[PDB]
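Below you'll find only one chain, the form deposited without the ligand, shown as structure tokens.
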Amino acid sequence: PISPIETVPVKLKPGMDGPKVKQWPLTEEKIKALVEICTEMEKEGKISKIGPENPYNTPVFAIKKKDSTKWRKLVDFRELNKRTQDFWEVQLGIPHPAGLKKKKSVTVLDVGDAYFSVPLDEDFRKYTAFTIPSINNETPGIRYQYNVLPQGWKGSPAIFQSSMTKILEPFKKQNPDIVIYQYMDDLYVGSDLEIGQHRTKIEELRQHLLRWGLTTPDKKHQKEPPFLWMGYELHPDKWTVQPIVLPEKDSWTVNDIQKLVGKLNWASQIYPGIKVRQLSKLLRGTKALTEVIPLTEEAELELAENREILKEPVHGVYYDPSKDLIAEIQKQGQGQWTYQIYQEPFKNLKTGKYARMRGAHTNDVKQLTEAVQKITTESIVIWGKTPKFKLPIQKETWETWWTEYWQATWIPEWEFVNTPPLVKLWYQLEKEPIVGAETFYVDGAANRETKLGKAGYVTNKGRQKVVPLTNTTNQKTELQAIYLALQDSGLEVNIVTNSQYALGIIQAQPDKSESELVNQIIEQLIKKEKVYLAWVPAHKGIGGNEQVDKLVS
């Protein structure tokens, strides 16, 4: 029934009226389902008949519920939402079973008719008016208005969550030794005490809820393991995701590729080693969601690997506050990382992957730091404490990186682990000039009208060469000049440039880039054994740097 809880005062945005949308022609089965539903609801006072005094209207339809033989009646409140006042949602995240503790007794409850058991503000009911049609336009239609929270309204979820919290507060105040994970209307009540006392307390909770209108039907009340909770199968000592079925097709469209990447990201939290880089690359540049895309022999290998991985049943474990959180990170190549958070060896609380590509140019250390931050900020949410990392990076490499980088870098308490692919810096630029090495005065120019440029590398011993470039801006010509200086040189080399752009790219030791020129720079830099890069102001009378300026111009 309708709860005696107080009604949250809602109002429209200033200067806005109510919706006046018209009803679409509905199908016969949906019309019959709506008429059947809007009769039981009307008898219980959840909706009320109206007439000419109400000029508002909003389309209504009915989708099929997750369980068959039941219809969910929704209202297309898309013009009312544009005029409703703003809300601050109180749901800040999603509970995870890895953060649960090992409770001796567990019960999962589901409130029946969750939204239709919370009253709606009396001054806001006139706007939520709708019109059930008559079948074959026999009658002109029956108009109703909502006395409870509508489904499809912007403010309904927050209002219901706050009402449920207020309802549950006295019970949790009386019983502080019982854990209750609430998510909308799904309740996970876990506690100590034997099965008899736990069932007695569950009955007390159900009576308390029934005193507040909310009813918990016996069909949605689970008392024995496994418990289907929030997409997971909670067990007494482990947990698992509900079975994931990947699409199996011989012709892949654009839309069905992202219906496979999405189900792999979800599966990549208890399943270790899931990669979606090659599959996701297939979505770059596509236009239509029905465009057939052929697999590129690299997405097929990833698909086979992920299909093999999903074939073995894996399980998680529950949190233990009297134990230490450990997180291991491993490299996968091409900027992909796989991490697992555990407390005991070979018993993972959680798994995950990080493959985001931030910035045009990067290296392994920066991506490892980003993965560390992501894991830290996720573990803070789930367990409320940072874990101890076991990174695949040497202490000396991290030291040489953070004591020489021009940015503040820190990662928490961490221990080096030696598991093949290691994070390292491929090349380093010497801070001092190298004696007995040819000094390379490079420059590059490009007219900003016809997109023609030239590069020059005139050096100490007398060597010089000017190379023309087509369709290059003022920066690509400089990068080409550096590339050509690096190419025609021995092992030890000193390169002096006149702009900050190339230095800023090169100084932060990139090992992979989104531009082919910087990539060629990187593969050349690793080949050399000693490189010294220096800056010089361009048009300040500096000979050599000015001699090459004439050469490139």
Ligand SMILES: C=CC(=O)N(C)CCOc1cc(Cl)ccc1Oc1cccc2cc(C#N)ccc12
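The first residue of the sequence shown is number 1, and the count goes up from there.
There is also a form deposited with the ligand bound; it is not shown, and the following applies to it.
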> Quick one: the ligand borrowed from its pose in the deposited bound form and superimposed here by the pocket C-alphas, is it open or blocked (3 or more atoms within 2.4 Å of backbone/C-beta)?
Replying inline: blocked
>> I need to confirm a contact call. Of 368, 276, 234, 257, which residue comes within 4.5 Å of the ligand in the deposited bound form, counting heavy atoms only?
In response: 234
>> Give me the residue from 318, 124, 337, 252 that has a heavy atom within 4.5 Å of the ligand in the deposited bound form.
In response: 318
> Within a 4.5 Å heavy atom cut-off, is residue 102 in contact with the ligand in the deposited bound form?
Replying inline: yes
> Does residue 108 reach the ligand in the deposited bound form if we count a contact as any heavy atom within 4.5 Å?
Replying inline: yes
> Would residue 190 count as touching the ligand in the deposited bound form under a 4.5 Å heavy atom rule?
Replying inline: yes
> Within a 4.5 Å heavy atom cut-off, is residue 303 in contact with the ligand in the deposited bound form?
Replying inline: no
